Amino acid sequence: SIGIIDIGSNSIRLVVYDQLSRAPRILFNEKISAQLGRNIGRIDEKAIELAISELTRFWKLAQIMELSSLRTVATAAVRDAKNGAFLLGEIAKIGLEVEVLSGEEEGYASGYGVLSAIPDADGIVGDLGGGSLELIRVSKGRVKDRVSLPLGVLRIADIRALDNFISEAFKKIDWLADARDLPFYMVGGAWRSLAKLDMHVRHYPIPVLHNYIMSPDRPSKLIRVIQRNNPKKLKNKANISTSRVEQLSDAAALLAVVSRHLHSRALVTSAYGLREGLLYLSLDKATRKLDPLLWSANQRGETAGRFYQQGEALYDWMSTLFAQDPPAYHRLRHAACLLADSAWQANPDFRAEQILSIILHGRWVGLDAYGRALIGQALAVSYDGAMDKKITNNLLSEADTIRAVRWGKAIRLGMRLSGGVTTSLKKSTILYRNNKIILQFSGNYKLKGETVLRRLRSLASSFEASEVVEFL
């Protein structure tokens, strides 16, 4: 239902989202490699010709998709070309009014994009685009400070000396000194592509874009990877075809110098950038505070489940076993319960495989790799799978491996007992007391049956407990 066209100096992108919601699904995403800024200074005719044809396609797609809103933004970089104002008028005649973003508006959108995907972010956001580097301090749910620098990807080759430029620029930014030893949240296409390169180079058994973590030493090592490889093979094998390898080398150099000068403790990818920041700021303010993992997992069980979303009564029912879970884990148990019906159409013996890829390889935010592994292994267990551990890179502690097995067995007992109509679990309680796992019925006694209690035996076994069924 909504579209954003993001015009930069090094590429243009259309993204269509299913609705304006807390965590919307991407229906369509197309990046164009026209480089409006390369000829600064004047934008060259052939760039303009490429851009107007592509933008006209973006307009036409918006018409046939019947979008409820299409927003077009451009950077000040493009506007301030000698002929920038003329190009903006040529775009308007397509039917696309261009909203030119100041440095302030650009940095605020990129920073709230990271806060949308990572609500607890506390660090510096770096948006490396074609024409600018935006640096944004985020803390406490807010953008706190911001600077816009002329260090886009196109500008890096002209300098790269790179250390001295950053050193000089950084001296004038007085808030960097209070922001040391914090994460560096990377957004923009070049740095997201560099993280995909790192995943490939490292063979990291969970290739998650969102919240992928890199040491501050990785960028310097990636420069050497690019130099030590055939550029064509590297791009294709790492799934970053369309990236310009020379630009990626420049991006890595900049990342190394910026990270060192900011004293970044970790480099963290955000799947949400400027475009998702615009959406977040378009929300009602109270909607912004909703948890985007649980929002997105709720929507998935609504659209995929047999009886829409029944995970709420399931989470309520199973959580009396899990009251002592660490504070951060309750929302992960909840997200697993919301997704507990999402592989029902698969043949029984492959549902564990499916649900695991949905969790590990879905576009979830508000979650790190360890959390994906926890939810994914709980849900694999819920669908009668063993736990590979090598697909999850042995990330999990033994305590949390036991915890995931217990979550998964409780989920599947609840799902099998209720048939998936989890409202009926409102008349039941499942408890761990005195070395017993006790399924209590205060009502819906007819659900008990006999065979389904094999799931209770399994759960009891994972607790080293006596299976008990009690009617109250």
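Residue indices: 1-based, along the sequence shown.
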Open item on the list: Between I40 and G41, how many residues of the deposited sequence have no coordinates in this entry: none, 1 to 3, 4 to 9, or 10 or more?
Closed with: 1 to 3
Open item on the list: If I compare the deposited sequence with the modelled residues, how many are absent between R160 and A161: none, 1 to 3, 4 to 9, or 10 or more?
Closed with: 4 to 9
TODO: Can you let me know which of the two, 80-88 or 190-198, has the higher average C-alpha B-factor in the entry?
DONE: 80-88
Task: Residue range whose averaged C-alpha B-factor is higher in the record, 333-341 or 346-354 - done: 346-354
Open item on the list: By the CA temperature factor listed in this entry, which of these ranks top: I166, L135, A378, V268?
Closed with: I166
Open item on the list: Looking at the C-alpha B-factor values in the deposited entry, which of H261, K93, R306, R275 comes out highest?
Closed with: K93
- [ ] Grab the CA temperature factor for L413 from the record and place it in the lowest, middle or highest third of its chain.
- [x] lowest
- [ ] Name the third of the chain's ranked CA B-factors that contains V257, choosing lowest, middle or highest.
- [x] middle
Task: Relative C-alpha B-factor of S21, binned into the chain's lowest, middle or highest third - done: lowest
Task: Within-chain third of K427 by Cα B-factor, per the entry - done: middle
TODO: Would you mind ranking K140 by its C-alpha B-factor against the rest of the chain and naming the third, lowest, middle or highest?
DONE: middle
